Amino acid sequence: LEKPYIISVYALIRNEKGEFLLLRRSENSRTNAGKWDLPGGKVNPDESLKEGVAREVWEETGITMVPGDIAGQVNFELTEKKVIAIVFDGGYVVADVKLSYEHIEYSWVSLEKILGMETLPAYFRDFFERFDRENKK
């Protein structure tokens, strides 16, 4: 293959208003620097997807979560790799988010505001449109 595939995992974590946790990436990031993102990241050699998503959520946000069912899939191409990403439902939390070097800020965002963002990357927007459809109808 001309460009390798990698597996990533993301988590949908909601507050008591049903707003989703988004994180804005640091400027020093090699990919999508400065852009909005879901909690998650690359799966390690030899770990299960659910292990990876809990690990990534804790390191990025301080949240201890037990991953629920799979919410869906998002795929996207970056300059150095193609990403196949599995999204997990992380349920509902009351937590004060605590960031790492990987992110500069966080926001709890409603579904409608997500589908009218623009700095949330297209593949995430598309995912949320799908997720909402699979939920209702």
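Quick note: we count residues from 1 along the sequence shown, nothing fancier.
- As recorded in the PDB entry, 117 to 125 is the stretch of 117 to 125 and 7 to 15 with the greater mean C-alpha temperature factor.
- Between the stretches 50 to 58 and 93 to 101, it is 93 to 101 that shows the larger average CA temperature factor.
- When the C-alpha B-factors of 86, 43, 78, 65 are read from the PDB record, the largest value belongs to 65.
- Residue 73: CA B factor lies in the lowest third for its chain, per the PDB record.
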